[PDB]
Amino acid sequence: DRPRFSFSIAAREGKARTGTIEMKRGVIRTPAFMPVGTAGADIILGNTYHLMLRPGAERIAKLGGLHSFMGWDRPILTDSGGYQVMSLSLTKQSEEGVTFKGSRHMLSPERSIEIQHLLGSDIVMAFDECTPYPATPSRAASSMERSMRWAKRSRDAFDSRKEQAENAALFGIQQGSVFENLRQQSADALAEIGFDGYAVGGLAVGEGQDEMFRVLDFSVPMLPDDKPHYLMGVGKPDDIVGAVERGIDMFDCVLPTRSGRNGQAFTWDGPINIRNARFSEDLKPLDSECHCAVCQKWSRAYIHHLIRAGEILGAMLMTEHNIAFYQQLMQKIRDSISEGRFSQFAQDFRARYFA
């Protein structure tokens, strides 16, 4: 029987690592890309914010939990819900949690953990505040301090639910905006509490790649080396490659799914907008090397035709290709680190993706 949670590092190159997370429901190869569940991947994402509103977490539990509901028996990660509340919901913030609205709802560390328990997710995120960007030092500090108090409450709530403590894992989320001293204080607080994995929160919120990479440069080394590192909200293929170079093991992003509905396909030569007329007679597959079923069977010209015609099949094929591209990217990353040629891979990737 697999353990509740075990992370093992099989190979390293620079700050990059490759390895596995073993959980009861399966093995997760790292670095990992985690696609939205409602879009091969070893873990998918649930949507806590949506599910708590429709049908509600209690109702999901009545239906057997998210694994049964979605027809997915492997690991699922859920976010803690506050990031989406603050991005999508009127809101009232306090030390207890956040209230938002046609019924009104509250989220607190305790309620967030309970919702994630009712959903049945395998990787549970602590309930944090994603500090807006830009933030002054004072506001970033006050926000991070609240998040750390909330991280301890999240830990205690998770540990109080036997089924959760014995079968799921809990990740703490580092905050501190772009400030090295606050990132350090946050890392120290999280390590003192103790988590199964550590996320870098508060990025991919408008700061741009240069600034994000600068923050990762000092922030990731502050986290425990022997635990997984999850960069929340990232990202584009080039962001992923550079974050792996900086020690990140896990990623999520709305790009493959969002792009697949808006006519954008990822390729090794960069993204293409398949609706553009230049593709109307292009008999090549979406990407010349991609092994996905779409690229084995259909041309850019046909996918262009379907999307221009408003056909659902076109968006489905774009999304299938994009998900597959992302998993091929992660496999090439893992293999290159394991073979000691990741630095070269990243250089080659960038030269081609941006040509």
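So that the term is clear: the rigid core is the largest set of C-alpha atoms that superpose within 1.5 Å between two forms. So that there is no doubt, residue numbering starts at 1 and follows the sequence shown.
Between stretches 313 to 321 and 30 to 38, greater average Cα displacement in 6 other deposited structures of this protein relative to the shown form, fitted by the core, falls on 30 to 38. Once the rigid core is used to overlay the structures in 6 other deposited structures of this protein, the stretch among 148 to 156 and 280 to 288 whose CA atoms lie farther from this form is 280 to 288. For the cut-off of one third of the other compared entries, residue 176 stays well clear, since all of them model it along with its flanks. Of the other compared PDB entries of this protein that include residues on both sides, all give residue 118 atoms, none of them, and so not a third, leaving it without. Where coordinates are absent for parts of the deposited sequence, a chain break appears; between neighbours residue 39 and residue 40 it spans 10 or more residues. Going from residue 89 to residue 90, you skip over 1 to 3 residues of the deposited sequence that the entry leaves unmodelled.
The mean C-alpha temperature factor is higher for 281 to 289 when 281 to 289 and 150 to 158 are set side by side. Taking the mean C-alpha B-factor of each stretch as recorded, 237 to 245 and 257 to 265 are not equal, and the higher mean is that of 257 to 265. Note on the listed residues 85, 193, 220, 231: the highest Cα temperature factor in the record is that of 85. The PDB entry assigns its highest CA temperature factor, among 102, 109, 81, 202, to 102. Among the modelled residues of the chain, residue 98 sits in the highest third by CA temperature factor in this PDB entry. In this PDB entry, the Cα temperature factor of residue 67 sits in the middle third of its chain's modelled residues.
In the PDB entry, a CA B factor belonging to the lowest third of its chain's modelled residues is recorded for residue 18. The entry lists a Cα temperature factor for residue 319 that places it in the highest third of the chain's modelled residues. When the modelled residues of the chain are ordered by C-alpha B-factor, residue 55 sits in the highest third.
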